[PDB]
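Structure file work29.cif with mmCIF, C-alpha atoms and all ligand atoms:
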data_structure
loop_
_atom_site.label_atom_id
_atom_site.label_comp_id
_atom_site.auth_asym_id
_atom_site.auth_seq_id
_atom_site.Cartn_x
_atom_site.Cartn_y
_atom_site.Cartn_z
CA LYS W 2 0.93 -21.17 7.28
CA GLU W 3 1.51 -21.07 11.03
CA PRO W 4 -0.72 -18.20 12.18
CA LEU W 5 -4.30 -19.09 13.11
CA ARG W 6 -5.46 -15.48 13.22
CA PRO W 7 -2.90 -13.48 11.11
CA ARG W 8 -2.08 -9.92 12.07
CA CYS W 9 -2.96 -7.20 9.51
CA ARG W 10 -0.75 -7.52 6.45
CA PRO W 11 -1.28 -6.97 2.73
CA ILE W 12 -2.60 -10.01 0.88
CA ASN W 13 -2.96 -10.01 -2.83
CA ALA W 14 -6.36 -10.35 -4.42
CA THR W 15 -8.04 -9.44 -7.70
CA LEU W 16 -10.20 -6.37 -7.90
CA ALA W 17 -12.74 -5.28 -10.51
CA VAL W 18 -11.59 -2.28 -12.51
CA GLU W 19 -13.92 -0.44 -14.83
CA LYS W 20 -14.72 3.07 -16.03
CA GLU W 21 -18.18 4.33 -16.72
CA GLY W 22 -18.18 4.14 -20.53
CA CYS W 23 -16.09 1.21 -21.79
CA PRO W 24 -17.85 -2.06 -22.65
CA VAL W 25 -15.77 -4.28 -20.41
CA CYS W 26 -14.78 -4.47 -16.78
CA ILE W 27 -11.51 -6.14 -15.93
CA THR W 28 -9.68 -7.36 -12.85
CA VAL W 29 -6.15 -6.62 -11.75
CA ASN W 30 -3.82 -8.26 -9.27
CA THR W 31 -3.09 -6.09 -6.29
CA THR W 32 -2.52 -6.25 -2.64
CA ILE W 33 -5.15 -5.14 -0.17
CA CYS W 34 -5.01 -5.18 3.64
CA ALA W 35 -6.73 -7.95 5.57
CA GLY W 36 -5.89 -9.61 8.82
CA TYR W 37 -6.70 -9.60 12.49
CA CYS W 38 -6.29 -6.72 14.85
CA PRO W 39 -6.52 -6.38 18.64
CA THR W 40 -9.57 -4.58 19.99
CA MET W 41 -11.34 -4.35 23.37
CA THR W 42 -14.11 -2.48 25.09
CA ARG W 43 -13.87 -0.81 28.52
CA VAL W 44 -15.54 -2.47 31.53
CA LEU W 45 -15.77 0.74 33.56
CA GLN W 46 -18.98 2.64 32.83
CA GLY W 47 -19.38 6.39 33.36
CA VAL W 48 -18.25 6.01 29.77
CA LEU W 49 -15.58 8.64 29.59
CA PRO W 50 -14.95 9.51 25.83
CA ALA W 51 -15.71 5.95 24.65
CA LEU W 52 -12.76 4.04 23.34
CA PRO W 53 -12.69 4.08 19.51
CA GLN W 54 -11.67 0.83 17.86
CA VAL W 55 -9.11 -0.06 15.25
CA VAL W 56 -9.47 -1.72 11.83
CA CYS W 57 -6.84 -3.42 9.61
CA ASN W 58 -5.90 -0.52 7.34
CA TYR W 59 -3.65 0.75 4.52
CA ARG W 60 -0.28 2.19 5.54
CA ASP W 61 1.97 2.81 2.51
CA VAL W 62 0.12 2.87 -0.83
CA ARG W 63 1.26 2.74 -4.43
CA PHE W 64 -0.73 3.24 -7.59
CA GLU W 65 -0.67 1.36 -10.87
CA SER W 66 -2.54 2.28 -13.99
CA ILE W 67 -4.05 0.14 -16.70
CA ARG W 68 -5.59 0.87 -20.10
CA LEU W 69 -9.16 -0.33 -20.32
CA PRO W 70 -10.02 -2.24 -23.49
CA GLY W 71 -13.11 -1.44 -25.50
CA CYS W 72 -13.10 2.25 -24.70
CA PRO W 73 -14.45 4.34 -27.61
CA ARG W 74 -12.46 7.21 -29.11
CA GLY W 75 -12.50 10.21 -26.82
CA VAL W 76 -12.94 8.51 -23.44
CA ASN W 77 -9.77 8.23 -21.37
CA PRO W 78 -9.16 4.54 -20.64
CA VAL W 79 -6.22 4.63 -18.31
CA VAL W 80 -7.39 3.81 -14.77
CA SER W 81 -5.10 3.83 -11.77
CA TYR W 82 -5.50 1.56 -8.80
CA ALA W 83 -4.15 1.62 -5.28
CA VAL W 84 -1.79 -1.18 -4.21
CA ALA W 85 -0.95 -1.87 -0.57
CA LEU W 86 2.71 -1.72 0.34
CA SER W 87 2.39 -1.52 4.09
CA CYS W 88 -0.66 -2.36 6.14
CA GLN W 89 -1.14 -1.25 9.72
CA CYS W 90 -3.64 -1.50 12.46
CA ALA W 91 -5.16 1.88 13.21
CA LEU W 92 -8.54 3.56 13.56
CA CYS W 93 -10.96 4.10 10.74
CA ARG W 94 -10.89 7.87 10.13
CA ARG W 95 -14.43 8.57 8.84
CA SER W 96 -13.26 11.51 6.70
CA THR W 97 -11.54 9.49 3.97
CA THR W 98 -12.63 5.95 4.83
CA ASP W 99 -16.01 4.32 4.63
CA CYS W 100 -16.14 2.67 8.02
CA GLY W 101 -18.59 -0.18 7.86
CA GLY W 102 -19.06 -3.86 8.40
CA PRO W 103 -18.63 -7.01 6.24
CA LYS W 104 -20.21 -7.02 2.86
CA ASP W 105 -19.59 -10.46 1.44
CA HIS W 106 -16.92 -10.29 -1.25
CA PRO W 107 -17.55 -6.93 -3.08
CA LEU W 108 -14.35 -7.14 -5.12
CA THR W 109 -15.98 -8.20 -8.39
CA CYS W 110 -17.02 -7.11 -11.91
CA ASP W 111 -20.73 -7.36 -12.89
CA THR Q 4 4.16 -13.53 9.56
CA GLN Q 5 2.22 -12.72 12.74
CA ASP Q 6 -0.49 -14.21 14.99
CA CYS Q 7 -3.23 -12.36 16.90
CA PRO Q 8 -4.88 -13.43 20.23
CA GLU Q 9 -8.24 -15.15 20.07
CA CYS Q 10 -11.03 -12.87 21.18
CA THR Q 11 -11.75 -14.28 24.68
CA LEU Q 12 -12.39 -13.44 28.30
CA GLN Q 13 -9.36 -12.19 30.06
CA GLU Q 14 -9.29 -10.98 33.56
CA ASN Q 15 -9.19 -7.26 34.24
CA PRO Q 16 -6.67 -6.90 37.08
CA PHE Q 17 -7.49 -3.41 38.43
CA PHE Q 18 -11.10 -4.27 39.23
CA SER Q 19 -10.68 -7.92 40.08
CA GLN Q 20 -11.05 -8.44 43.79
CA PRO Q 21 -10.04 -11.99 44.84
CA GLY Q 22 -13.04 -14.26 44.65
CA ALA Q 23 -14.74 -11.51 42.65
CA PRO Q 24 -12.99 -11.25 39.29
CA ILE Q 25 -14.16 -8.90 36.55
CA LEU Q 26 -13.91 -10.26 33.06
CA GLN Q 27 -13.14 -8.33 29.94
CA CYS Q 28 -13.49 -9.33 26.31
CA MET Q 29 -10.11 -8.71 24.78
CA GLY Q 30 -8.83 -10.25 21.58
CA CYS Q 31 -8.42 -10.05 17.81
CA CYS Q 32 -11.08 -10.10 15.07
CA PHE Q 33 -10.90 -10.21 11.26
CA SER Q 34 -11.07 -6.95 9.32
CA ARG Q 35 -10.08 -5.73 5.87
CA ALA Q 36 -9.78 -2.63 3.73
CA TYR Q 37 -9.68 -2.35 -0.06
CA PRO Q 38 -10.41 0.69 -2.28
CA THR Q 39 -14.05 1.68 -2.60
CA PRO Q 40 -15.69 0.11 -5.71
CA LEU Q 41 -17.19 2.32 -8.46
CA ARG Q 42 -20.70 1.13 -7.62
CA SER Q 43 -20.37 2.47 -4.09
CA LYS Q 44 -18.86 5.81 -5.11
CA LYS Q 45 -22.05 6.50 -7.04
CA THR Q 46 -23.76 6.31 -3.64
CA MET Q 47 -21.63 8.87 -1.84
CA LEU Q 48 -22.22 12.58 -1.31
CA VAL Q 49 -18.66 12.65 -0.04
CA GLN Q 50 -16.63 10.08 -1.94
CA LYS Q 51 -14.72 7.79 0.29
CA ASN Q 52 -11.80 6.31 -1.56
CA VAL Q 53 -11.44 3.39 0.83
CA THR Q 54 -13.94 0.91 2.28
CA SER Q 55 -13.22 -0.79 5.63
CA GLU Q 56 -15.09 -3.94 6.55
CA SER Q 57 -14.66 -4.83 10.21
CA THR Q 58 -15.81 -6.97 13.14
CA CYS Q 59 -14.65 -6.41 16.74
CA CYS Q 60 -14.03 -8.24 19.97
CA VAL Q 61 -17.08 -7.35 22.04
CA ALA Q 62 -19.33 -8.69 24.83
CA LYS Q 63 -22.05 -11.12 23.80
CA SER Q 64 -23.46 -10.95 27.36
CA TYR Q 65 -22.49 -9.23 30.59
CA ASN Q 66 -23.90 -7.94 33.89
CA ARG Q 67 -23.38 -4.44 35.23
CA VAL Q 68 -22.16 -4.77 38.80
CA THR Q 69 -20.47 -2.40 41.24
CA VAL Q 70 -17.15 -2.88 42.93
CA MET Q 71 -14.42 -1.53 45.11
CA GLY Q 72 -16.59 1.08 46.73
CA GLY Q 73 -18.37 2.77 43.84
CA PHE Q 74 -17.08 1.63 40.46
CA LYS Q 75 -19.98 0.63 38.26
CA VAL Q 76 -18.31 -1.85 35.95
CA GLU Q 77 -19.86 -4.13 33.38
CA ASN Q 78 -18.53 -7.64 33.92
CA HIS Q 79 -18.59 -9.62 30.63
CA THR Q 80 -19.56 -13.29 30.41
CA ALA Q 81 -19.18 -14.29 26.74
CA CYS Q 82 -17.32 -12.82 23.82
CA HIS Q 83 -17.58 -12.73 20.03
CA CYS Q 84 -16.52 -10.60 17.05
CA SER Q 85 -19.30 -8.24 16.11
CA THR Q 86 -20.30 -4.97 14.61
CA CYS Q 87 -17.63 -2.53 15.49
CA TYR Q 88 -19.46 0.82 15.21
CA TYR Q 89 -22.27 0.02 17.64
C1 LIG Z 201 -18.15 -11.52 36.94
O1 LIG Z 201 -18.59 -12.60 36.11
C2 LIG Z 201 -17.90 -13.83 36.41
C3 LIG Z 201 -18.32 -14.86 35.38
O2 LIG Z 201 -19.43 -15.65 35.83
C4 LIG Z 201 -18.13 -14.25 37.86
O3 LIG Z 201 -17.18 -15.27 38.18
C5 LIG Z 201 -17.46 -16.58 37.89
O4 LIG Z 201 -17.36 -17.29 39.14
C6 LIG Z 201 -17.40 -18.73 39.00
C7 LIG Z 201 -17.40 -19.30 40.41
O5 LIG Z 201 -16.24 -18.88 41.13
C8 LIG Z 201 -16.19 -19.23 38.19
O6 LIG Z 201 -16.65 -20.15 37.20
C9 LIG Z 201 -15.44 -18.06 37.52
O7 LIG Z 201 -14.66 -17.37 38.49
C10 LIG Z 201 -16.43 -17.10 36.85
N1 LIG Z 201 -17.11 -17.74 35.72
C11 LIG Z 201 -16.44 -18.28 34.69
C12 LIG Z 201 -17.29 -18.89 33.59
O8 LIG Z 201 -15.20 -18.33 34.63
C13 LIG Z 201 -17.90 -13.08 38.83
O9 LIG Z 201 -18.38 -13.44 40.13
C14 LIG Z 201 -18.58 -11.81 38.37
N2 LIG Z 201 -18.22 -10.73 39.27
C15 LIG Z 201 -19.14 -10.20 40.08
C16 LIG Z 201 -18.67 -9.08 41.00
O10 LIG Z 201 -20.32 -10.55 40.06
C1 LIG Z 202 -7.28 7.60 -0.26
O1 LIG Z 202 -7.35 9.02 -0.30
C2 LIG Z 202 -6.45 9.60 0.65
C3 LIG Z 202 -6.69 11.10 0.66
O2 LIG Z 202 -6.08 11.73 -0.46
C4 LIG Z 202 -5.03 9.26 0.26
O3 LIG Z 202 -4.14 9.82 1.23
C5 LIG Z 202 -3.18 10.63 0.67
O4 LIG Z 202 -2.40 9.78 -0.17
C6 LIG Z 202 -1.44 10.53 -0.92
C7 LIG Z 202 -0.86 9.58 -1.96
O5 LIG Z 202 -1.90 8.98 -2.72
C8 LIG Z 202 -0.42 11.17 0.04
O6 LIG Z 202 0.50 11.98 -0.69
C9 LIG Z 202 -1.16 12.04 1.09
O7 LIG Z 202 -0.26 12.50 2.09
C10 LIG Z 202 -2.31 11.27 1.75
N1 LIG Z 202 -3.10 12.20 2.54
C11 LIG Z 202 -3.89 11.77 3.52
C12 LIG Z 202 -4.67 12.84 4.27
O8 LIG Z 202 -3.99 10.58 3.82
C13 LIG Z 202 -4.81 7.76 0.16
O9 LIG Z 202 -3.55 7.51 -0.45
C14 LIG Z 202 -5.89 7.10 -0.67
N2 LIG Z 202 -5.83 5.67 -0.43
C15 LIG Z 202 -6.13 4.79 -1.38
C16 LIG Z 202 -6.03 3.33 -0.97
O10 LIG Z 202 -6.47 5.10 -2.51
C1 LIG Z 203 0.46 -11.99 -2.11
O1 LIG Z 203 1.88 -12.22 -1.98
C2 LIG Z 203 2.43 -13.11 -3.00
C3 LIG Z 203 3.23 -12.27 -3.97
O2 LIG Z 203 3.90 -13.08 -4.93
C4 LIG Z 203 1.32 -13.92 -3.69
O3 LIG Z 203 1.88 -14.98 -4.44
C5 LIG Z 203 0.38 -14.47 -2.61
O4 LIG Z 203 -0.57 -15.34 -3.21
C6 LIG Z 203 -0.32 -13.31 -1.89
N1 LIG Z 203 -0.38 -13.60 -0.46
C7 LIG Z 203 -1.48 -14.12 0.08
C8 LIG Z 203 -1.40 -14.39 1.58
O5 LIG Z 203 -2.50 -14.36 -0.55
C1 LIG Z 204 0.17 -8.39 -7.52
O1 LIG Z 204 0.51 -7.22 -8.29
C2 LIG Z 204 1.81 -7.31 -8.94
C3 LIG Z 204 1.73 -6.43 -10.19
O2 LIG Z 204 2.97 -6.39 -10.88
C4 LIG Z 204 2.19 -8.77 -9.25
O3 LIG Z 204 3.43 -8.82 -9.95
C5 LIG Z 204 2.32 -9.59 -7.96
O4 LIG Z 204 1.94 -10.94 -8.21
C6 LIG Z 204 1.43 -8.98 -6.86
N1 LIG Z 204 2.17 -7.91 -6.18
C7 LIG Z 204 2.89 -8.14 -5.08
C8 LIG Z 204 3.62 -6.93 -4.49
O5 LIG Z 204 2.91 -9.24 -4.50
#

Go ahead and render the structure in this file as structure tokens.
Amino acid sequence: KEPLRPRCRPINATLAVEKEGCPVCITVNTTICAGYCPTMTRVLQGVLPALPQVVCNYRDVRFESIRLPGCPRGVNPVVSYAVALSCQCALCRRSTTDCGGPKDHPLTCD
Amino acid sequence: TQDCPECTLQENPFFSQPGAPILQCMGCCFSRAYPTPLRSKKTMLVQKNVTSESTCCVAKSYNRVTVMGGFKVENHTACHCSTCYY
């Protein structure tokens, strides 16, 4: 498409879903948030409360469950997954989010 | 469907004295956030339900100068997307 560096918006991808206890691990179609976001560092030193930067991040989320195959009797096999409705560009709040750098393509079974 | 500005050197116009501009690395860099994988959760004392992977428009090189009396600004001279939590 036309954008060269697309602003943060949900993009669908497949993510590995599995529960500790069932033989298999599956993948489901969902939407995650990925895109570009405007950042910048201050030039002025005397670094007054250093400017925190933004990351492409979830806005409105929805959840969808799935029943895992192979699960033995007893174990609960329904596993819910988050699906991105709205994505926005805001800071990474370290309380709920794991704010880190690029791990190359972690969305995968095995 | 939206575009984002390349991460490049713009000119800061509060510190730029004519014939003495101060450059700032402004721009957009790729980032993404998906739900934390099971593997990872089994690594956390405090479970984080979301993982954010991010790069950021920062200075590759720069020189700390002083301007307009006593401002001690760092004047950038090359940009790139890099580790965000430096
Ligand atoms: C801040 O750094 C810039 C970058 O080198 C300095 O300005 C450069 O000056 C040359 C000659 O006029 C020109 O190519 C551009 O104006 C700047 N470089 C580039 C690559 O565009 C500037 O002098 C520095 N400021 C101070 C106070 O030292
Ligand atoms: C990650 O966990 C946070 C914390 O619970 C979730 O944020 C809450 O989401 C629920 C709906 O799932 C809302 O009712 C709450 O108001 C939210 N609270 C806060 C403090 O954010 C978030 O939905 C989860 N995100 C994902 C992708 O699973
Ligand atoms: C997610 O949006 C549509 C939904 O039908 C999907 O076909 C498309 O491949 C995904 N978008 C991107 C940018 O991958
Ligand atoms: C991925 O998930 C849904 C699940 O029903 C699928 O139909 C569609 O291709 C994608 N969702 C959206 C909102 O694009």

- Exercise: residues within 9 Å of coordinate (-3.2, -6.5, 5.6), counting all atoms listed in the file, as a list in words: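 Here the neighbourhood of the point contains residues 7, 8, 9, 10, 11, 12, 32, 33, 34, 35, 36, 37, 57, 58, 59, 85, 87, 88, 89 and 90 of chain W; 34, 35 and 36 of chain Q.
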
- Task: Please work out which residues fall within 10 Å of (-21.8, 5.0, 36.6), coordinates as given in the file, with only C-alpha atoms counting, and return them as a VMD selection string.
- Result: (chain W and resid 45 to 48) or (chain Q and resid 67 69 73 to 77)

I need the chosen residues saved as a PDB file, in the frame of the given file, with C-alpha atoms.
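Writing done, so here's part_12.pdb:
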ATOM      1  CA  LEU W  45     -15.770   0.740  33.560  1.00  0.00           C
ATOM      2  CA  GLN W  46     -18.980   2.640  32.830  1.00  0.00           C
ATOM      3  CA  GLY W  47     -19.380   6.390  33.360  1.00  0.00           C
ATOM      4  CA  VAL W  48     -18.250   6.010  29.770  1.00  0.00           C
TER       5      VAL W  48
ATOM      6  CA  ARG Q  67     -23.380  -4.440  35.230  1.00  0.00           C
ATOM      7  CA  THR Q  69     -20.470  -2.400  41.240  1.00  0.00           C
ATOM      8  CA  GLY Q  73     -18.370   2.770  43.840  1.00  0.00           C
ATOM      9  CA  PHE Q  74     -17.080   1.630  40.460  1.00  0.00           C
ATOM     10  CA  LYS Q  75     -19.980   0.630  38.260  1.00  0.00           C
ATOM     11  CA  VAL Q  76     -18.310  -1.850  35.950  1.00  0.00           C
ATOM     12  CA  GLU Q  77     -19.860  -4.130  33.380  1.00  0.00           C
TER      13      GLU Q  77
END

- Task: Kindly provide, as a list in words, all nucleotide and amino acid residues lying within 6 Å of ligand LIG 204 (chain Z), counting all atoms listed in the file.
- Result: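 With all atoms listed in the file and a cut-off of 6 Å, ligand LIG 204 (chain Z) is contacted by residues 13, 30, 31 and 32 of chain W.
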
- Neighbours of ligand LIG 202 (chain Z) within 12 Å, counting all atoms listed in the file, as a ChimeraX atom specification? /W:11,31-34,58-65,81-88,93-99 /Q:36-40,49-55

- Task: Find the residues around region 25-33 of chain Q up to 8 Å (all atoms listed in the file counted), leave out those fewer than 2 positions away in its own chain, and share them as a ChimeraX atom specification.
- Result: /W:6,35-44 /Q:7-16,18-20,23,35,57-62,78-82,84

Save out the residues we just selected, C-alpha atoms, as a PDB file, in the coordinates of the input.
ATOM      1  CA  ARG W   6      -5.460 -15.480  13.220  1.00  0.00           C
ATOM      2  CA  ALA W  35      -6.730  -7.950   5.570  1.00  0.00           C
ATOM      3  CA  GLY W  36      -5.890  -9.610   8.820  1.00  0.00           C
ATOM      4  CA  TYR W  37      -6.700  -9.600  12.490  1.00  0.00           C
ATOM      5  CA  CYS W  38      -6.290  -6.720  14.850  1.00  0.00           C
ATOM      6  CA  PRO W  39      -6.520  -6.380  18.640  1.00  0.00           C
ATOM      7  CA  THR W  40      -9.570  -4.580  19.990  1.00  0.00           C
ATOM      8  CA  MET W  41     -11.340  -4.350  23.370  1.00  0.00           C
ATOM      9  CA  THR W  42     -14.110  -2.480  25.090  1.00  0.00           C
ATOM     10  CA  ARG W  43     -13.870  -0.810  28.520  1.00  0.00           C
ATOM     11  CA  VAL W  44     -15.540  -2.470  31.530  1.00  0.00           C
TER      12      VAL W  44
ATOM     13  CA  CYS Q   7      -3.230 -12.360  16.900  1.00  0.00           C
ATOM     14  CA  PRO Q   8      -4.880 -13.430  20.230  1.00  0.00           C
ATOM     15  CA  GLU Q   9      -8.240 -15.150  20.070  1.00  0.00           C
ATOM     16  CA  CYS Q  10     -11.030 -12.870  21.180  1.00  0.00           C
ATOM     17  CA  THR Q  11     -11.750 -14.280  24.680  1.00  0.00           C
ATOM     18  CA  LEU Q  12     -12.390 -13.440  28.300  1.00  0.00           C
ATOM     19  CA  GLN Q  13      -9.360 -12.190  30.060  1.00  0.00           C
ATOM     20  CA  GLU Q  14      -9.290 -10.980  33.560  1.00  0.00           C
ATOM     21  CA  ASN Q  15      -9.190  -7.260  34.240  1.00  0.00           C
ATOM     22  CA  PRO Q  16      -6.670  -6.900  37.080  1.00  0.00           C
ATOM     23  CA  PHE Q  18     -11.100  -4.270  39.230  1.00  0.00           C
ATOM     24  CA  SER Q  19     -10.680  -7.920  40.080  1.00  0.00           C
ATOM     25  CA  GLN Q  20     -11.050  -8.440  43.790  1.00  0.00           C
ATOM     26  CA  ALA Q  23     -14.740 -11.510  42.650  1.00  0.00           C
ATOM     27  CA  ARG Q  35     -10.080  -5.730   5.870  1.00  0.00           C
ATOM     28  CA  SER Q  57     -14.660  -4.830  10.210  1.00  0.00           C
ATOM     29  CA  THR Q  58     -15.810  -6.970  13.140  1.00  0.00           C
ATOM     30  CA  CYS Q  59     -14.650  -6.410  16.740  1.00  0.00           C
ATOM     31  CA  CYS Q  60     -14.030  -8.240  19.970  1.00  0.00           C
ATOM     32  CA  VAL Q  61     -17.080  -7.350  22.040  1.00  0.00           C
ATOM     33  CA  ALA Q  62     -19.330  -8.690  24.830  1.00  0.00           C
ATOM     34  CA  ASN Q  78     -18.530  -7.640  33.920  1.00  0.00           C
ATOM     35  CA  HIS Q  79     -18.590  -9.620  30.630  1.00  0.00           C
ATOM     36  CA  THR Q  80     -19.560 -13.290  30.410  1.00  0.00           C
ATOM     37  CA  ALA Q  81     -19.180 -14.290  26.740  1.00  0.00           C
ATOM     38  CA  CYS Q  82     -17.320 -12.820  23.820  1.00  0.00           C
ATOM     39  CA  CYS Q  84     -16.520 -10.600  17.050  1.00  0.00           C
TER      40      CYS Q  84
END

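Residue nearest ligand LIG 201 (chain Z) within the list Q:64, Q:43, Q:24, Q:87: Q:24 [criterion: smallest interatomic distance, all atoms listed in the file].
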
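The smallest atom-to-atom distance between chain Q and any of W:4, W:75, W:50, W:22, using all atoms listed in the file, is found for W:4.
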
Around all the atoms of ligand LIG 201 (chain Z) listed in the file, with 6 Å of room on each side, what axis-aligned box do you get, giving centre and edge lengths in Å to one decimal, as AutoDock Vina command-line options?
--center_x -17.5 --center_y -14.6 --center_z 37.4 --size_x 17.7 --size_y 23.1 --size_z 19.5

- Selected residue, from W:49, W:110, W:67, W:56, that lies nearest to chain Q when counting only C-alpha atoms: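 Between W:49, W:110, W:67, W:56, the residue approaching chain Q most closely is W:56.
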
- For each of Q:63, Q:5, Q:42, Q:89, take the minimum atom-to-atom distance to ligand LIG 203 (chain Z), counting only C-alpha atoms and all ligand atoms, then give the residue where this is smallest. Q:5

- Note on the structure: Of Q:86, Q:22, Q:48, Q:66, the one sitting nearest chain W when using all atoms listed in the file is Q:86

- What separation in Å, quoted to one decimal, exists between CA of residue 71 (chain Q) and atom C15 of ligand LIG 201 (chain Z)?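 Separation between CA of residue 71 (chain Q) and atom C15 of ligand LIG 201 (chain Z): 11.1 Å.
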